[PDB]
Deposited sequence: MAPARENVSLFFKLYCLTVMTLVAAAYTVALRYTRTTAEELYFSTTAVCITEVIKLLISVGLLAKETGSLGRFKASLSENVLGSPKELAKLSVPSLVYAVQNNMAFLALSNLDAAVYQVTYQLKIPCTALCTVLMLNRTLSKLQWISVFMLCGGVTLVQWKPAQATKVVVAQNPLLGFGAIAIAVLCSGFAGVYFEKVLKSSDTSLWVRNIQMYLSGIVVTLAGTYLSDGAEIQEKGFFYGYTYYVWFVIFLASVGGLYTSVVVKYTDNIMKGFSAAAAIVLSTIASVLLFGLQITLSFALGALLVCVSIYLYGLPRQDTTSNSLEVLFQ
């Protein structure tokens, strides 16, 4: 019961943060005069995620000596684990940068609807890499989920919709791969979740900053690294840091496919709550989408 409530809490936080992240990230790119470098905000997230993970390792070990021993033996002591997790950190580095580029050129609703095609991609990656398997019924349910969530989800600055869509196309493919790669690495040994996060973000901060130099290196020398930062930009980075850590926790107790199903349910249930609580009005798209998600969960969760 205590493990279940903690599991349901991490899901609701992950989804609520994911909802507030795309709206806030959209806002910061379409209102500012001095526009900030999206590559820097991505990199600062990896620093903040790394620091919170180190904090959470100290809590998990619960001792200054065994906190030292864990970082010595697992992080520094295993160079092969760092080289492994440098792959999905490089994939995520691209993903997170494509996320900023997409929302700079597209609406949050438009982005959210298009980005649900990660669900098929994530199912495809899990079947190939992870050594799991799906029946024809469960394959029908994954697309039925995808269709259901797309229905649930339905600027004075210059924009480029087709560049935005190209970014989502890249981001969809990174999400399925890096998540399933991370789930594979996480669930292949006894190593702690916060150690796997630290091993990844160490590569993450290097690769993101390398990308930050290559992308906007000349213009940062003129403008500044923290050029265009604000309460809302630091808020976006804050949500990006928290949202990433929660997804790692969700992928531990759930999997990358069930992450889609569960998050869909959390969006459906919390909206139905807010319809009753806050008198929130909803569309027929949502009403329809909600049922597809419910059926897809039922069809997916059935014994072969």
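Absent C-alpha positions map to the deposited sequence ranges 1-6, 161-167, 318-330, in order along the chain.
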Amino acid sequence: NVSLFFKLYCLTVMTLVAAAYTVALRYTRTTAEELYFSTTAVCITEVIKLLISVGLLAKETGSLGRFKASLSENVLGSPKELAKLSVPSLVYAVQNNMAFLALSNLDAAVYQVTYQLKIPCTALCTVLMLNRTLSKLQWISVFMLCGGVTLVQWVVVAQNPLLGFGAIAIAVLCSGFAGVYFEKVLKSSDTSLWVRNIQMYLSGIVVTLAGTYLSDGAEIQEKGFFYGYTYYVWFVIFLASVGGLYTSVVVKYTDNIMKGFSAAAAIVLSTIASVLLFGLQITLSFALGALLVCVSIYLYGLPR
From here on, numbers count along this sequence of modelled residues.
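Note on 177-185 vs 67-75: mean CA B-factor is higher in 67-75.
Residue-level inspection of the entry shows that, of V155, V91, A210, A123, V155 has the top Cα B-factor. Looking at the C-alpha B-factors along this chain, the one for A20 belongs to the lowest third. The deposited CA B-factor of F238 belongs to the lowest third of values across its chain. When the CA B factors of the chain's modelled residues are split into thirds, the value for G244 lands in the lowest one. In the PDB entry, a CA B factor belonging to the highest third of its chain's modelled residues is recorded for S274. Ranked within its chain, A266 lands in the highest third, by CA B factor from the PDB record.
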